[PDB]
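Take a look at this one chain, the form deposited in one PDB entry, written out in structure tokens.
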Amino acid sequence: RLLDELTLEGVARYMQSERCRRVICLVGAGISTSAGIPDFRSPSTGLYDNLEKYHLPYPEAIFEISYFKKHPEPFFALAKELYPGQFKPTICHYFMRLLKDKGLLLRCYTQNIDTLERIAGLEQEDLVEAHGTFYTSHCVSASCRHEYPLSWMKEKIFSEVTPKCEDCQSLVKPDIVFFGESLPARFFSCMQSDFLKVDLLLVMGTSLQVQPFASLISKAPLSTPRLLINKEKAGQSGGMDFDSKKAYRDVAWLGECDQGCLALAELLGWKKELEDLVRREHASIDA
């Protein structure tokens, strides 16, 4: 075992050693809840328990491509509803920023579509936006694919006018991977190389229930330590083994992502760095 204690402090000591050179982050909606964007499956606060106004066969249809092509109005209504007043990345986003600035971040695979990793300062080469982004949008006709900027999408969404392509009159969809859509080729290109060389998996804010993203946790070498920072355990059957008498490399820290990243940063000696980074960047944003 590469960790000497299955605790946050043992992970921090490992990250300070010279074996730990390449860290992969796998992040989900949980790392953005403290920024105002709700997640999907948390009780009462999650989106899946706020979708009766839209009458749906299943709650996930509002994010499924065939239902969208037949009934796009619920999705764009939810879009106008949830569009935040501000886009401020969280302590966890800036913790990943610090991993980048210190040459430790091999890649961040994200399920989020809010572009907060980008705003935190993670560049395209650092990111695998496995499920796309809300930032750009395209006509759904594969022979047209006319692109439209977020400003046009916002005018059409807030005017409550279903977006249509000025060439086909076809539907215009934000560049999100809906259920039943193929993941980008970059995902499968990065996956083949990244998980042969990874020294640490950092999983944060995800229930690990959407495929093939979740299978990423099992692509690492069997000696690679894996730290979950999440309000609840996830990824248990590869497969996260936290509790068993055979456990040897998986550590779970149950709590807020922001609190766990503060704690890990302090254990690393990066506490003041992270605090100043968050202040300076939230200031440049609030301007």
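Residue positions are given as counts along the sequence shown, with the first one as 1. Each form is matched to the other, and the largest set of C-alpha atoms that superpose within 1.5 Å is called the rigid core.
Between neighbours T45 and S44, residues that the deposited sequence lists but the model omits:
Unmodelled stretch: none, continuous chain.
Average Cα temperature factor in the PDB entry - higher stretch of 264-272, 14-22:
Comparing averages over the C-alpha atoms only gives 14-22.
Output the stretch having the higher mean C-alpha B factor in the entry; the candidates are 68-76 and 177-185.
For C-alpha atoms only, the mean B-factor is higher in 68-76.
Of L227, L254, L51, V27, which one's C-alpha B factor is largest in the deposited record?
Of the candidates given, the C-alpha B-factor peaks at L51.
So if I compare the CA B-factors in the entry for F87, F195, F213, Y94, which one is the largest?
Highest CA B-factor of the listed options: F87.
Would you mind ranking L6 by its C-alpha B-factor against the rest of the chain and naming the third, lowest, middle or highest?
Middle third, going by the recorded CA B-factors of the chain.
Tell me, lowest, middle or highest third: where does the Cα B factor of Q209 rank within its chain?
Answer is middle: the recorded C-alpha B-factor places it there.
Thinking about Cα B factors across the chain, which third does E60 belong to?
It falls in the top third of the chain.
Taking the entry's C-alpha B-factors for this chain, is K156 in the lowest, middle or highest third?
Highest third.
Which third, lowest, middle or highest, does the CA B-factor of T110 fall in along this chain?
Its C-alpha B-factor belongs to the lowest third of this chain's values.
What comes next is about the form deposited in another entry, which is not displayed.
Which listed residue (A79, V210, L104, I119) has a Cα shift of at least 2 Å between this form and the one not shown, rigid core superposed?
One residue passes the 2 Å cut-off, namely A79.
Once the core is aligned, does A247 move its Cα by at least 2 Å between this form and the one not shown?
The answer is no; the displacement is under 2 Å.
With the core lined up, does the C-alpha of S189 move 2 Å or more between this form and the one not shown?
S189: C-alpha displaced by less than 2 Å between this form and the one not shown.
After superposition on the rigid core, does the Cα atom of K69 shift by at least 2 Å between this form and the one not shown?
It does shift by 2 Å or more.
Your call: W152 and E123 CA atoms, closer or farther in that other deposited form versus the shown structure, by 3 Å or more?
The answer is closer, because the C-alphas of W152 and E123 approach each other in that other deposited form by 3 Å or more.
Between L150 and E125, do the C-alpha atoms lie closer or farther in that other deposited form than in the shown form, with a difference of 3 angstroms or more?
Here the pair is farther apart than in that other deposited form; there, closer.
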